[PDB]
2 protein chains.
Amino acid sequence: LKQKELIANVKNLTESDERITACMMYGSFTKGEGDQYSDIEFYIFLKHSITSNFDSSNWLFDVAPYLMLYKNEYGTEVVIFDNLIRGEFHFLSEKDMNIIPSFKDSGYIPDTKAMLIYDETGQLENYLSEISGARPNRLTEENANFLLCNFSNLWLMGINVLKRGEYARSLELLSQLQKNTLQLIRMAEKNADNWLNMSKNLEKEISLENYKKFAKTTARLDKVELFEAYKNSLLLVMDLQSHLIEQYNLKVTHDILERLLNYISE
Amino acid sequence: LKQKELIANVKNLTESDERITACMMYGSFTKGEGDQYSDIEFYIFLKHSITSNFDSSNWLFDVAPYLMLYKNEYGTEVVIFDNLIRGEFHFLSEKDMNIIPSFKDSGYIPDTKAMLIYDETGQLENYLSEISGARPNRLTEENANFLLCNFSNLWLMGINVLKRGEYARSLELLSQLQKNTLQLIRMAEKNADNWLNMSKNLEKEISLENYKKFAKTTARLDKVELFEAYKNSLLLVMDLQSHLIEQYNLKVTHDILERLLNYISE
Ligand SMILES: Nc1ncnc2c1ncn2[C@@H]1O[C@H](COP(=O)(O)CP(=O)(O)OP(=O)(O)O)[C@@H](O)[C@H]1O
Ligand SMILES: Nc1ncnc2c1ncn2[C@@H]1O[C@H](COP(=O)(O)CP(=O)(O)OP(=O)(O)O)[C@@H](O)[C@H]1O
Ligand SMILES: CCC[C@@H]1C[C@@H](C(=O)N[C@@H]([C@H]2O[C@H](SC)[C@H](O)[C@@H](O)[C@H]2O)[C@H](C)Cl)N(C)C1
Ligand SMILES: CCC[C@@H]1C[C@@H](C(=O)N[C@@H]([C@H]2O[C@H](SC)[C@H](O)[C@@H](O)[C@H]2O)[C@H](C)Cl)N(C)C1
Ligand SMILES: [Mg+2]
Ligand SMILES: [Mg+2]
Ligand SMILES: [Mg+2]
Ligand SMILES: [Mg+2]
Ligand SMILES: [Mg+2]
């Protein structure tokens, strides 16, 4: 894989460069899920007093020639290399390595070994041993209530804009509804490790039954298709709620979902 | 309108309640766009001493009985009243009233008069006057570049996950692409006030030609429809880039977009 050649380059350069004190890899190549379709991604920890003006544009070209480079909404440098591999490099002071513990909340981190690329001081390895084995419990009453409330809110907003004739906006809301629904399916089927990344591995991780029901909640930009998708979204959540009620005390009841259902033809 | 009755109750209670110093309304009922499909929304500014313990659930019930209340991801109290009207209420200390001037970054502020629901001290009116008539100018090289780079980033990521067979994830990414594409159309057509709310009034605000093109970038959860939508997504952005390049210096060139296009079948 071209990706692995680039990863090796990153390891090489982060070790040899005096400006870089640590490098943490994350993503699929640290979880046995890397393939030819994957990107590569790192936190690059820099000498504190040279962090502001660090020439990351030049450093990234030293990794490999690139076609495009910009800073995304998360402050991460994103590169499209000339071989079309995407790379995400988050550059920050070594003094901000204390961000790492909060990563335990992002998902299941069974192993940390592939994450350790370079570690000048030993501090990176120490932070990683704090998150190694991290596994958020997603199967909570709190989560079930938030998702059902969040869905009801978004569904009602969506059906309203649809009734107005704001079709494109109802489609946008439907995609937000869909993310929430995936999280509900993962709750109902007790396979919720891929939580924030709810669509990762979906074809491998959920029942055909609910996959097909989810597919029915999708639509192109079309009034009739949107109405069908919105209706099927509600029906699916009604199924999920009647399953989840057995496990949690829910504030969104079948009655409340029934009122939303009736509203479609109002 | 049920909405107007509820706004009236909010006006009534915010005035009379000694714990509430000011109430600012926003959204479509302050922008000449309110209708039967609208929600209602307010910032409620509380006397500083009681902000910490204020029982919002109790107060919102006084506005009208509700079927559902929860805090969304923005910390907004979101309510579905028992007549199925949606309400969004942001409770803050009076001392945070100075967040108001930053609202000018969100878009055009046509009517600060309709925004003033209650103002004990005259303070709210003063902050609102600072934003009246204001709008960002979205027509910039910085915006053209970010959107084209962000689109290219998300598109290449999305086509990779589609090729992988992660269809549900490619759909999720497609919806993110779609929002970037609406902002790009708004730049090209120079109708960019509805920027963060890019799909608001979309059917009324962009040309029939670009609406039709945008509609072809949409898909249901289906391999063939997804490949069609991803191609049409890039082709639309290629059209838009050819216009934008005349106005701004752009990092994303036609040649780069063509590399991405050829990548679909590689
Ligand atoms: N919404 C989210 N919030 C927080 N962390 C997330 C997240 N989505 C993904 N992540 C984390 O960031 C890592 C990198 O994510 P991405 O590169 O977007 C997908 P990936 O799992 O690396 O697969 P891929 O790049 O091979 O397609 C993921 O493995 C996950 O640990
Ligand atoms: N993404 C965003 N970021 C920041 N502000 C936004 C935003 N989207 C919308 N807004 C602002 O928040 C106001 C209320 O938004 P919404 O209630 O979601 C839509 P609306 O314009 O009120 O129409 P509607 O409620 O009648 O359908 C908008 O009018 C706009 O001023
Ligand atoms: C052990 C996981 C480390 C991850 C590092 C950190 C992070 O930088 N995530 C990014 C996150 O952003 C998107 S997915 C929304 C990218 O596709 C992904 O590769 C990653 O860079 C955002 C801030 Cl969520 N995440 C919170 C967890
Ligand atoms: C005069 C506009 C005032 C608005 C008030 C403030 C706000 O609370 N916006 C909300 C925003 O959130 C979503 S749309 C993302 C809601 O649909 C919308 O009614 C509004 O409540 C988020 C924090 Cl962006 N926005 C930054 C601007
Ligand atoms: Mg990755
Ligand atoms: Mg990534
Ligand atoms: Mg509104
Ligand atoms: Mg609203
Ligand atoms: Mg009461």
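Atoms within a ligand are numbered from 1 in the order they appear, just like the ligands themselves. Lettering of chains follows the sequences in order, A, B, ..., and the numbering in each one begins at 1.
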Cut-off 3.5 Å, side chains only: do A/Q3 and A/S38 have a donor facing an acceptor?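 Short answer, no.
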
Residue by residue, ordered by chain and number, which ones reach under 4.0 Å of ligand 1 with a heavy atom?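 Close residues (ligand 1, cut-off 4.0 Å): A/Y26, A/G27, A/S28, A/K31, A/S38, A/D39, A/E41, A/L196, A/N197, A/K200, B/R164, B/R169.
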
Carboxylate-amine/guanidinium proximity below 4.0 Å for A/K113 and A/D111: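 Judged by the 4.0 Å cut-off on N to carboxylate O distance, A/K113 and A/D111 do form a salt bridge.
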
Carboxylate-amine/guanidinium proximity below 4.0 Å for A/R186 and A/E205: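 Looking at A/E205 together with A/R186, the answer is yes, because their closest N to O distance falls below 4.0 Å.
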
Within 45° cone of A/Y108 ring axis and under 6.0 Å: A/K31 NZ or CZ: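 No - A/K31 does not lie over the ring of A/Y108 by the 6.0 Å and 45° rule.
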
Geometric cation-pi criterion A/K71 and A/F91, 6.0 Å radius, 45° cone: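 Geometry flag: not set, cation outside 6.0 Å or 45°.
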
Mind telling me whether A/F214 and A/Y211 have parallel, tilted or perpendicular rings, with 30° and 60° as the class edges?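 Answer is perpendicular, since the angle exceeds 60°.
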
Indicate, with yes or no, if the rings of B/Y43 and B/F103 have centres closer together than 6.0 Å.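 Between B/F103 and B/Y43, which both carry aromatic rings, the centre distance is below 6.0 Å.
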
Salt bridge (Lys or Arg N to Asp or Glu O under 4.0 Å) pairs, two or more places apart, involving residues 191-202 of chain A: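 Non-adjacent pairs meeting salt bridge (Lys or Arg N to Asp or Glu O under 4.0 Å): A/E33-A/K200, A/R135-A/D193, A/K200-B/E166.
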
Sequence neighbours excluded - salt bridge (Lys or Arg N to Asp or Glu O under 4.0 Å) pairs with any residue from residues 79-93 of chain A: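 Qualifying pairs: A/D39-A/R86, A/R86-A/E88.
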
Using 2.8 Å as the cut-off, note every protein N, O or S atom close to the Mg ion (ligand 7).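 Less than 2.8 Å away from the Mg ion (ligand 7) sit B/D39 OD1, B/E41 OE2.
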
